[PDB]
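Order of writing sets the labels: A, B, C, D and E. Residues in every chain begin at 1.
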Amino acid sequence: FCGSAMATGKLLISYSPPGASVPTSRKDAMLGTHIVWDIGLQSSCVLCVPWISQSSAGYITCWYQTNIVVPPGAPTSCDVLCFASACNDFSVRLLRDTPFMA
Amino acid sequence: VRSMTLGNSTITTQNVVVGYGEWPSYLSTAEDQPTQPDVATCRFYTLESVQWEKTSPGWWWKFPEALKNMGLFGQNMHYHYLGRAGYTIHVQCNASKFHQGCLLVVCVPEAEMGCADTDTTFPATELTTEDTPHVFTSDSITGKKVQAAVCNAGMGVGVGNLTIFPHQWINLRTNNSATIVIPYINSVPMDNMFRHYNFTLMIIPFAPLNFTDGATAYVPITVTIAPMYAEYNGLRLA
Amino acid sequence: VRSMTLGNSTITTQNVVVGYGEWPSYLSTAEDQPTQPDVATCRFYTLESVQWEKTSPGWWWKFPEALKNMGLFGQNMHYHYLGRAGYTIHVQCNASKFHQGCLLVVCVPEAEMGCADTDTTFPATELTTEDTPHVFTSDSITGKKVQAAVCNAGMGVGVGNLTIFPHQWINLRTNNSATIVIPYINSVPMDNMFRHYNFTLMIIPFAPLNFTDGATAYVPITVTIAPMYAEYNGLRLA
Amino acid sequence: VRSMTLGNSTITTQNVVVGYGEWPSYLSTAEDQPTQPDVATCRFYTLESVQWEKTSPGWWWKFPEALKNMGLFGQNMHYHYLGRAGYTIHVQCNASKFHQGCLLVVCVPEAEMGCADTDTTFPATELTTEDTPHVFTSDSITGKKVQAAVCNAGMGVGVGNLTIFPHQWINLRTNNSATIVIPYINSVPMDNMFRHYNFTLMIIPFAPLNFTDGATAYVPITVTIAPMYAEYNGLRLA
Amino acid sequence: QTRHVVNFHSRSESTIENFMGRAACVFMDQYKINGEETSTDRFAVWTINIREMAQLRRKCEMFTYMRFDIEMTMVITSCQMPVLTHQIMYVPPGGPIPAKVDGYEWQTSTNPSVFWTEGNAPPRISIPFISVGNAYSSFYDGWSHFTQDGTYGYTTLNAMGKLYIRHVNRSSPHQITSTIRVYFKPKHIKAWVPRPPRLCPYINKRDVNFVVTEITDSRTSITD
């Protein structure tokens, strides 16, 4: 969370399994897998998404649990950066040519 | 900062008021045998966040049936007609440093509320709207509904001395979070979860919210309930 | 007479053919973690009884998805997209003492069946009608459906030497019950339960039913499946 | 708060990202003998502070020759034609508590940058202006100079996955200071300090600066470099 | 296709030697046998560098520094006689080059060359780590000539040599047009200092110049 040091709110980060459908509402995301990430306490919440392979995948949605509460001095609109890597160890087998290069 | 987790629900927290000095527990017969779900049920059910403005008089939720549409706990209410639970209730406020105010977070077992115009009753959809809270009012009201004026919260008592119950103050000067554990107060070991409202979580702002013309015009209050030690009747033969 | 019980389902039974000499077992990684339901799932799912007349050519069921509407096992198929199970299959016949006949109760893993008029395919609702069985036919048939003529059961093989699979004869002279345990034969440890039919329970009358003009004109065949050691993928984070 | 001092230069600091897990060290021959200055050279060379507004796209410095006019280190570059060093780089931001933003402080060894209009080169004064930084641009540019558009920082790579190098995030919510130690990455033990730019300290604002109408319209970023374990060739006979 | 349980645990195919050490065709060229006694179309050149084709070039730019033996095997054809014999002369970085098919450089004892006659197995010639430094540099943020002169980005440390190829047959009755395919392969490869992958397409084979490309493919909204 790259907002102010005075901005405070909650975000609800839901994960859908690879077969399931996306939550259409915040309550339906709360009934599945989620983490109510309090911004005012910690500013960096870490996941670890399993069952990621190919040879119809999951979803990382994010919801307003609460709005961003801000004092009169700090700005109202903030940003959230995301990151991604291999969680513990990663398995990979069959080398090929990349599609990007032409 | 402690990141509690239960099942597939993790919240982020920042002292617990154990209601009546007791921690919820199981009931411990072959004539009547309880079923202990344990699986799921115990996860955190975060309700919808409630905006607290300068003119908000209060709110109340009536449990156990406030969770009647909340997942497996709200689905085991339809298959078993007897049950009991513990309901760890976290109440955050995540206001700023320039906001001021104070809340009474109290649980009030057996809150029998009174109708607005006496000599009649209310249509039973005025006590509870499952997930969403019924607000109080600042003055007296009429009509076939609950007399929801503060200073006489629901029961005809003074609202100031509502502190006799399991309570917690949320003074935005000092703290923001409250947590209450309510170990199933009832006169029968198991009761139906749709007829009987075991307790009434009501959040009442004593000192009103105040701020200046730059802050956000509200403070969202977040309510989270974890049904602990929920056990039900048996469905199998003996 | 042994009265087996599993969960909340008790049947009454009267030797087990363990398929390929192996008893089903669990798969035993943090990159992929299975969930073992154990609770429910293992109970007995009795299908609808099937009347066996003098002119019945046979039946087949395609599992795992024959149980797609059977309780929690048929509901965990919709929430998890990977799974495996064992399927203890009891087949009673409860005929009389004056009825005669013989059945082949065989399981046939990976029964890829052929269309009735080749050069085309069938509309996918011809292989399975969940609970109810597709019957075979006594002669050849046409149309966009399964070539269900016996002597070429589904796969273009001889129906007599279908005994290579886990089988059991039900000779009404001697016995009436069959039981087969099929320890999840597949080339991948877990697979989707709606795309892939792991095996095909087909019951084929070799010697036809016969009786005189006083007996009941049929013999009801009762099929009971107990999904053993069912495990699924994980839905929680790591 | 730790008040580090080196020679006659003291700074005031508030965790170190040791680049590639190695601390700079000396090279340990009579055919070629290095000279270790130790005296001076190791002191802190604070560059000019850089104002970070809401519309700043980024900056870059090219070392070792960014210090080409900095004291004895910038004077030993003219007398010795071979050298190596370590360059502890402190990056403070000293913003307020109501400012918000985020920086990527990355070092990028061997940042070969691309010309703005390809089919030609740039006049060599576009990569570096000794002490002062070349800014990036928000969009594409033309002319005989460096293609300094962010999202393609200098090298034609994605600017988001520039985190593979020795980096440090400066999130003004949490921290303000960064420190990186870069242990002389090169394919030859000693190289000329005017031809070859060993690494490129580039500071890139991912989340832009934001504030309200009362704060200061900028945040000064302070860069401080301490050349560690600098050693040169020998000038004496053998 | 369908999403299967891809269950295994292996990273032996992700090591550097199992990622870079793969033979790829890097040089097709024609060269005649007769006519035009002073011509440049009777032999091949191919200055050896990793920046030949963009598919391999992209893999060498994962890493800043790398050192490796190279083991190339030519595949020589012919069109249109006797049995033909070829010559694949590798000159080192310090080595004289021919100007014509009949130059005296072809007879230099310090330029190793294979004499492959047609019909046999393909000729294989292996070259060790030649460079003066301690590794080949994929990128060189520096100037060849001191005091910021011309030729940005080109160091002389990552020079690998050249590969002059000709027929040894002096003449022929008719025209024979031979085609050679050089199969480059890194061997015993080490690599230092990882580096983010190339995003933009390549422009030229001696520079890093590029057109500003978008980061990823765009989608409609942030939530779809």
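The rule we apply is simple: contacts are C-beta pairs under 8 Å (C-beta built on N, C-alpha and C of every residue); 3 or more make two chains touch, one makes a residue touch a chain.
Peer 1: Return the chain label for which the distance between chain Cα mean and whole-protein Cα mean is smallest.
Peer 2: Nearest to the common C-alpha centre lies chain A.
Peer 1: Between what two chains do the most C-beta pairs come into contact?
Peer 2: D-E
Peer 1: Quick one: report the Å distance separating chain D from chain E, using the average Cα coordinate of each chain.
Peer 2: Between these chains, centre-to-centre, one finds 34 Å.
Peer 1: Nearest whole angstrom, what separates the Cα centre of chain B from the Cα centre of chain D?
Peer 2: 56
Peer 1: Just how far, in Å, is the C-alpha centre of chain C from the one of chain B?
Peer 2: 50
Peer 1: Distance from the CA centroid of chain C to that of chain D, rounded to the nearest Å?
Peer 2: For chain C versus chain D, the centre distance works out to 71 Å.
Peer 1: Using the touch definition from the top, which residues of chain B touch two or more other chains?
Peer 2: Residues 8, 214.
Peer 1: Taking each residue of chain E in turn, which ones touch at least two of the other chains?
Peer 2: Residues 3-5, 9, 198.
Peer 1: Could you list which residues of chain A touch at least two other chains?
Peer 2: 6, 18, 32-33, 35, 53, 56, 71, 73, 89, 91
Peer 1: Determine which chains touch and list them pairwise.
Peer 2: Every pair of chains in contact is listed here: A-B, A-C, A-D, A-E, B-C, C-E, D-E.
Peer 1: Which of the residues in chain A come into contact with chain D in the complex?
Peer 2: That would be residues 1-7, 43, 71, 73-75, 77-79, 81 of chain A.
Peer 1: Going by the contact rule at the top, pick out the chain E residues touching chain A in the complex.
Peer 2: Within the complex, chain E touches chain A at residues 1, 3-6, 8-11, 13-14, 18-19, 22, 54-55, 58, 198, 201, 223.
Peer 1: Across the complex, what residues on chain A touch chain C?
Peer 2: So the residues of chain A touching chain C come out as 15, 17-20, 32-33, 35, 47-51, 53, 56, 87-89, 91.
Peer 1: Considering the complex alone, what residue numbers of chain D touch chain E?
Peer 2: It comes out as residues 20, 62, 109-115, 118-119, 121-122, 124-125, 139-140, 147, 149, 151-152, 155-162, 164, 185, 187-189, 192, 194-197, 200.
Peer 1: Name, in rising order, each residue of chain E that touches chain D in their complex.
Peer 2: Contacts found on chain E: 64-65, 132-137, 139-150, 152-153, 157, 192-200, 203-204, 207-215.
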